[PDB]
């Protein structure tokens, strides 16, 4: 109120225009993933926290509860196993725009954008833990086909919703133990991708992303689609790199990659999740790396160029909370990065005044961000501070515990 007004001049002494940051913050959309809501079940025909969603309509209502507690206007990220086959078995190579018709009517209803993923796991045709890179041509051909279907589905979304859909390819391909050939399976991956992307699609409707991973449970020794593979591949073929913050080496940092991608790519894509010693997929927290990512997005004038998304899955807590704690933190960090004096911070590093650059970065860690954040929440009709938690408790009592 005036708690907010005194906070406002503290930033104004630096020439930081907070009113302006709040307009700019209003418009950045976070793509939130639907898989959190039903523990990555999907709707495919053929001891955790209670109350997950188990039907398409339960999942939608849940997405709305979370959105109603998160400020701004955002997007929903779908997986192909979220198809509504209408009680028919439809093979993955056969999924079609009319299978996601309900999702699109619902997105249009709420002003959501929509993003997409082919699903290449939990399937008969993926038991050997190889896929687009399986030695068999009929397996490889099945998954190529499905990725081509998803490309069409994504175009569908962009067509219908008037906003580019990002279709991202992730594969689980690898070997648990030491490989005796690293070159051939990657070669097949290249061929499998050359095919998947054979046909142009208007960039206004769809964009293609590839996401690497360093290792999985069951692919601990070697993953086919690696950081260097997808980097070279994306650059050569004008695709987007999707970076997941849980997908790298120990100590390995995504914030250090962003400025280097920005030099050779018009756009890139982000999945923010929290790794605790593996791609554990913990809920995102307002931590140093999260802020350091935000810093890079803002300093580098990259808000139209970094497509921000969430990737996490905690079933040990309330799932609607996961979504809300996740997104609020990533918004907080953008806000924080928006409230940094980059102009003087940058001149100090140009001039080598490392003393002030250290001093002031340090001192902004206690600048009154809560006060700005709180007001932003109030203007955007969501609960300030820990209040959103009352709303999850009602919803858990009335709705979620009844399932």
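Positions refer to the first chain, counted from 1.
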property: Between residue 46 and residue 47 - deposited residues without coordinates, as a size class; result: 10 or more
property: Residue stretch of maximal mean CA temperature factor, 81 to 89 vs 261 to 269; result: 81 to 89
property: Residue stretch of maximal mean CA temperature factor, 312 to 320 vs 90 to 98; result: 90 to 98
property: Selection by C-alpha B-factor (highest) of 200, 244, 296, 228; result: 200
property: Largest Cα B-factor, entry values, listed residues 256, 280, 206, 119; result: 206
property: Chain-relative CA temperature factor third for residue 240; result: middle
property: Residue 177 - which third its CA temperature factor falls in, relative to the rest of the chain; result: middle
property: Residue 141, C-alpha B-factor rank within chain (lowest, middle or highest third); result: highest
property: Modelled-residue ranking by C-alpha temperature factor, third containing residue 52; result: highest
property: Entry-reported Cα temperature factor of residue 127, expressed as the chain third it lands in; result: highest
